[PDB]
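Read through the structure below, which is laid out as structure tokens, and then see the notes.
Protein chains: 4
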Amino acid sequence: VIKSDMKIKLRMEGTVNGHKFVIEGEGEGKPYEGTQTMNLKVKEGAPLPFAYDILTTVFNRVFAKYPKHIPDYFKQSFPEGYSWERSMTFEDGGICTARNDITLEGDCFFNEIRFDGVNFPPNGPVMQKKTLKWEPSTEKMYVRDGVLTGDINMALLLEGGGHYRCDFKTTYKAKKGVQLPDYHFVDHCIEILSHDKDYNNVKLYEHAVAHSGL
Amino acid sequence: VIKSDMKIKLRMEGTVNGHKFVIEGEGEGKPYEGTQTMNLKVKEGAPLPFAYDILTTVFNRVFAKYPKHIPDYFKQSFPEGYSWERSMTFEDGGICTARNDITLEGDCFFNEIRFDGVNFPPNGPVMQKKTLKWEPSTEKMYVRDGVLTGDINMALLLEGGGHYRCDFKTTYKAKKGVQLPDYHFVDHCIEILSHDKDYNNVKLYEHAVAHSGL
Amino acid sequence: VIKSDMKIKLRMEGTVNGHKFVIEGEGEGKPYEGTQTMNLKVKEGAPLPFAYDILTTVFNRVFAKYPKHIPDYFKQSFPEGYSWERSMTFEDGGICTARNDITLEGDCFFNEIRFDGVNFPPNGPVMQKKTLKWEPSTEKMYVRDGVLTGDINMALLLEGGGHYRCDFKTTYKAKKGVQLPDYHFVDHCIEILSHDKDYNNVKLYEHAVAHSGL
Amino acid sequence: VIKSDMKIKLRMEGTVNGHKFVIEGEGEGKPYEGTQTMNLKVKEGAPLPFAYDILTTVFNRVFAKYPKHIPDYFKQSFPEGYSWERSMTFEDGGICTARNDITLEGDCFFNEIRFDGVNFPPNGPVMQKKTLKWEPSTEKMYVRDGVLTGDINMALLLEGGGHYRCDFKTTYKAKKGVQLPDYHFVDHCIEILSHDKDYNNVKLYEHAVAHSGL
């Protein structure tokens with residue numbers, strides 16, 4: 220079922236700072252190379268009044284290169300699939316919650332996403348769209364009460380330089396029992412490859428690689 | 220417009236641990252006495268698989284007794300009204316986001332509520348419904364970048380005794396400029412007066428009183 | 220042993236931002252009225268390069284008015300006495316740890332204090348001495364694994380107005396078993412009554428009152 | 220001054236849970252290979268009543284392999300040297316503060332260390348010595364207001380399996396201006412190579428490597 224080439228369909232509905240929106244996406248990736256590319260269209264709530272970058276890491280750890288010696292929680296989870304929940308705690312008190320329900324129909328991953336952001340200061344970098352990109356990162360993966368937890372120290376590079384910090388916690392729940400991995404890492408980088416004026420259209424790329432550290 | 224007796228209508232839509240639900244409520248309160256009572260019906264997602272108590276403080280600081288010497292951000296905000304956003308950070312990593320858009324039509328407050336909870340441990344008190352009540356509390360109210368912020372150290376009393384701690388941050392945004400108060404407190408207590416087996420029906424009561432501390 | 224009038228002797232040794240100091244104090248209070256006054260002298264590390272206010276709440280919950288219906292963990296702890304540990308988490312990442320070992324010799328409380336502060340931004344209000352006072356507060360008191368825990372949402376009023384937030388957690392350990400109270404509150408206010416140029420000399424006052432909330 | 224082979228002398232004084240101790244160490248490392256080994260003796264407060272592992276990462280980022288393309292804040296700081304401050308926020312509310320003042324005399328780094336830990340639950344893994352090791356980690360390094368900040372998601376592996384999480388923030392201050400690096404990573408692993416019954420004697424090893432991520 221998980222082939223060397225898979226397609227991806229997604230719908231996100233969300234509210235940030237009380238602003239409602241819908242974004243749909245279509246793309247493709249190489250699960251075994253840990254790469255994926257997606258084309259995202261704002262369907263409702265254009266133009267977004269917040270930094271598009273807060274959304275991009277919510278737009279599937281199936282797209283991560285897992286070595287033999289590390290059990291692949293994500294790939295083992297299919298065909299049944301899995302869901303995740305995430306909190307994003309920004310250093311200025313902005314908080315987001317997000318979830319994705321991931322299903323497999325043929326060679327296509329369907330992603331049903333909800334995103335909610337609250338308490339962004341009105342003159343902070345998110346509401347004033349001062350973000351350039353996410354720096355690369357390393358997710359710390361560990362089992363807690365029988366499900367996979369990922370913690371990340373994430374940072375947005377700001378216009379003018381310097382960084383806006385965010386702590387991620389993701390809980391990943393396979394819909395069937397799998398071989399649980401030991402403590403390990405997933406390196407990430409995520410890049411907006413192109414966008415129009417108000418990010419109504421966005422081409423998004425991720426590379427991810429699992430490893431056991433030093 | 221804000222009389223000694225007002226009615227309240229609400230709809231909450233939410234997702235906790237991936238479980239979708241809708242709850243509607245009707246009730247009444249005394250804004251100047253800082254009291255209110257509400258009758259809540261689960262409309263979708265019965266029976267709730269999580270502790271109903273995580274919802275109750277999301278089900279309007281108009282219902283708080285404000286003394287003369289403290290400017291009433293909430294009552295001054297009408298007829299135009301106000302909205303709030305809240306993060307609830309539980310000590311075991313459970314996080315909720317919530318928002319309420321409050322409008323005034325005649326003597327009735329309409330409440331449009333969204334609630335989302337993530338990362339509740341499956342064997343924690345919320346997913347195992349081990350909560351008895353919220354302890355009383357004191358909200359710390361202060362202006363930050365021109366809007367009212369409230370911080371609360373909240374605690375749920377547990378079955379077996381001892382407490383489950385939650386930190387609230389609420390940002391309150393009047394839809395028109397008002398007299399901003401100085402740093403002050405709002406004492407709260409919130410009580411489920413009655414409920415059926417699975418909290419399909421709930422009668423809920425709050426008392427709230429603003430003060431300037433010692 | 221705990222009379223209506225008691226004396227207080229203290230020595231604090233500490234390091235903030237790498238700056239070492241020693242402060243000694245002598246004063247007096249009314250345990251049953253929940254009041255105390257103290258005279259503090261900087262003995263080493265004058266002039267302090269940080270906001271003196273970060274120290275003042277570390278300079279004994281014996282000085283709190285406890286009503287009959289709330290068991291007094293502190294007063295019950297003597298003659299043997301008690302110790303406490305505290306973390307102070309400031310909203311800009313400044314963190315302090317502090318401890319006090321409290322003994323009773325005659326009508327005098329001896330206080331052996333250690334205070335350590337790290338990660339204060341060099342252009343933040345603590346290192347630029349922009350604090351005016353602590354706002355009043357309400358400490359939430361609860362038992363956790365057999366010892367009394369206090370949580371406080373504290374705020375320093377800043378020069379220019381607006382607030383610098385700090386979260387306190389104190390663990391209070393009686394040196395003998397006592398009647399553990401139920402969940403309750405202690406209202407505080409703390410005031411620098413007078414000081415010289417660089418706070419080499421400071422007269423400090425606290426009022427504290429325990430209550431059961433609404 | 221920073222040769223391919225350097226010696227290390229250290230003294231830590233600290234208090235955890237009110238327990239006072241002094242630990243001295245002597246060792247050696249390869250700054251350009253990012254390796255170091257140290258022999259630590261408890262001089263006061265034997266036997267330690269807490270998990271020795273909370274101390275080991277406080278026992279100098281000079282011992283990290285820095286590639287050409289990343290400015291070496293640490294090595295550039297000598298001969299004048301640098302100091303750091305650290306907060307360690309454990310997931311059960313245990314908090315430590317630590318600092319190190321690092322000087323260079325000949326081929327020897329001198330380390331003047333203070334460590335303070337508070338609010339460790341009495342039946343938690345630190346006070347019940349249930350820790351096996353620190354998992355490897357990746358420190359996120361970024362400049363904030365002109366000094367180097369490092370954030371780490373750290374985890375102790377527990378007896379019985381599963382993990383105890385700790386968030387590190389270190390502020391690193393060179394005693395002279397240097398070439399500030401861009402956002403980057405330092406991979407770490409730290410290992411107790413050997414110890415006696417109560418960790419009165421400990422041989423400690425670290426490997427560290429700076430990189431720019433994916």
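Protein chains in written order, with our numbering: chain F, 220 to 433; chain W, 220 to 433; chain X, 220 to 433; chain D, 220 to 433.
Every residue gets a Cβ at the ideal spot worked out from N, C-alpha and C, and that includes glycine.
Fully enclosed alpha helix (DSSP H) runs of no fewer than 4 residues are not present anywhere in the stretch 328 to 394 of chain X.
Residue 400 of chain W has a beta carbon lying at 8 Å or more from every beta carbon in chain X. Membership of residue 249 of chain D in the beta strand (DSSP E) is indicated by the continuous run 238 to 249.
Annotation: Cβ neighbours of residue 390 of chain X in chain D (cutoff 8 Å, chain order): 337 and 338.
The C-alpha of residue 236 of chain W is placed about 15 Å away from the C-alpha of residue 263 of chain W. Cβ neighbours of residue 410 of chain W within its own chain (closer than 6 Å, five residues either side excluded): 424. Distance from the CA atom of residue 416 of chain F to the CA atom of residue 261 of chain F, rounded to whole angstroms, is 12 Å. Residue 292 of chain W sits in a helix when the DSSP states are folded into three classes.
The criterion of a C-beta distance shorter than 8 Å is satisfied by residue 427 of chain W and residue 283 of chain W. The alpha-carbon of residue 430 of chain F is positioned some 44 Å away from that of residue 275 of chain W.
With the criterion set as a beta carbon lying under 9 Å from some beta carbon of chain F, the members of the stretch 368 to 388 of chain D are 368, 370, 371, 372, 373, 374, 376, 380, 381, 382, 384 and 386, in sequence order. Residue 275 of chain D sits in a helix when the DSSP states are folded into three classes. Nearest neighbour of residue 241 of chain D by Cα position, chosen from D:303, D:326 and D:333, turns out to be D:333. Taking a Cβ-Cβ cut-off of 7 Å, residue 424 of chain F has no neighbours in chain D, whose nearest Cβ is about 11 Å from it. Segment contact: the stretch 389 to 397 of chain D against the stretch 363 to 379 of chain F, fewer than three CB-CB distances shorter than 8 Å; contact not assigned.
Contacts with chain D (Cβ-Cβ distance below 9 Å) from the stretch 276 to 291 of chain F involve no residue at all. Among the bridge pairs identified by DSSP, residue 323 of chain D is matched with D:328. For the pair residue 338 of chain X and residue 227 of chain X, the CB atoms are not nearer than the 8 Å cut-off. In its chain, beyond the 5 residues on either side, 264, 267, 268 and 269 have a beta carbon closer than 8 Å to the beta carbon of residue 238 of chain F. The residues 227, 255, 293, 319, 321, 328 and 330, in chain order, have a CB closer than 8 Å to that of residue 279 of chain F in the same chain once the five nearest residues on each side in sequence are set aside.
For residue 407 of chain X, the neighbours in chain W by C-beta distance under 9 Å run, in chain order, 432 and 433. Contacts with chain X at 8 Å (Cβ-Cβ) include residue 354 of chain W. Put simply, the CB of residue 224 of chain D is far from chain X, with every gap to its CB atoms at 8 Å or more. Going by C-alpha positions, residue 351 of chain W is about 13 Å away from residue 384 of chain W. Taking the Cα positions, residue 359 of chain X is about 16 Å away from residue 433 of chain W. Residue pairing by DSSP places residue 263 of chain D opposite D:241 in a beta bridge.
Between the beta-carbon of residue 404 of chain W and that of residue 357 of chain X there is about 7 Å, and that keeps the pair under the 8 Å contact cut.
Only residues of its own chain outside the window of five on either side were considered, and among them 277, 305 and 334 have a CB closer than 6 Å to the CB of residue 317 of chain D, listed in chain order. Close to residue 316 of chain X, with beta-carbon spacing below 8 Å, are these residues of chain D in chain order: 314, 315, 316, 335, 336 and 337. Apart from the 5 residues on each side of it in sequence, residue 314 of chain F sits with its Cβ closer than 8 Å to the Cβ of 306, 307, 308, 336, 337 and 338 in its chain, given in chain order.
In terms of beta-carbon proximity, residue 309 of chain W stays away from the interface with chain X, with every pair separated by 8 Å or more. A Cβ-Cβ distance of about 14 Å is found for the pair residue 231 of chain F and residue 246 of chain F, leaving them out of contact under the 8 Å criterion.
For residue 266 of chain X, there are no C-beta contacts with chain D under 7 Å, since the nearest C-beta of that chain is about 21 Å from it.
Residue 402 of chain W has its alpha-carbon roughly 40 Å from the corresponding atom of residue 324 of chain X. Residue 229 of chain F: member of the beta strand (DSSP E) spanning 225 to 235, first to last residue.
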